[PDB]
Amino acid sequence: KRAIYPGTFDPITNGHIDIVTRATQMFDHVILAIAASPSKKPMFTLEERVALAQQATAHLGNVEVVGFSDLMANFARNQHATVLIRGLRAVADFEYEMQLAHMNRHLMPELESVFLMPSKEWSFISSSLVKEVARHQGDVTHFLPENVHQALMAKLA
């Protein structure tokens, strides 16, 4: 059973670590898939985001970190994945996830969208919120893996 956990992960947070960890306890192999997403002008390049997520998930033996520029549904089919993992946060996210899931069901009917709920600890966090706090020199050590926190400080320095 293969699952894909896609997103921009700019950068990967403890919220994302929590969701991917939960996914590895349910599925034999989890592909953490990072969207190149040039249109959103990410803070970190695709190569940097992949390296950070690789280092942050190295302790999980059944996680594979990959980058993609393809249509989500085509990438999932090409990874032989039948499960798509997304974390639920707020109503805006939930409504957007429902749009993506109905669209993905039209593109790949056998790809099942599965929603996980992160720990209360990471419910309110996002990569954007952590970057905004960090841009104004606020302490974000609690919200990120060690390697990511160092890379974020270095990027803003």
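Residue numbers here begin at 1 and follow the sequence given. Definition used throughout: the rigid core is the maximal C-alpha set that superposes within 1.5 Å between two forms.
Chemist: With the rigid core held as the alignment frame, decide whether 101-109 or 85-93 lies farther from the shown form in 9 other deposited structures of this protein, in terms of RMS C-alpha distance.
Modeler: With the rigid core fitted, 85-93 is the stretch that strays more in 9 other deposited structures of this protein.
Chemist: To spell it out: superpose each other structure in 9 other deposited structures of this protein onto this one by the rigid core, compute Cα RMS over structures and residues for 125-133 and for 30-38. Which is larger?
Modeler: Farther on average in 9 other deposited structures of this protein: 30-38.
Chemist: Between 83-91 and 70-78, which has the larger average Cα B-factor in the PDB entry?
Modeler: Between 70-78 and 83-91, it is 83-91 that shows the higher mean C-alpha B-factor.
Chemist: Once you work out the mean C-alpha B-factor for both 41-49 and 128-136 from the entry, which is higher?
Modeler: Stretch with the greater average CA B-factor: 41-49.
Chemist: Identify, among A56, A33, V30, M103, the residue whose C-alpha carries the highest B-factor in the deposited PDB entry.
Modeler: In this record, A56 carries the highest C-alpha B-factor of the candidates.
Chemist: Within this chain, which third does the Cα B-factor at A3 fall in: lowest, middle or highest?
Modeler: Answer is lowest: the recorded C-alpha B-factor places it there.
Chemist: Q25: which third of its chain by C-alpha temperature factor?
Modeler: Highest third - that is where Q25 ends up once the chain's C-alpha B-factors are sorted.
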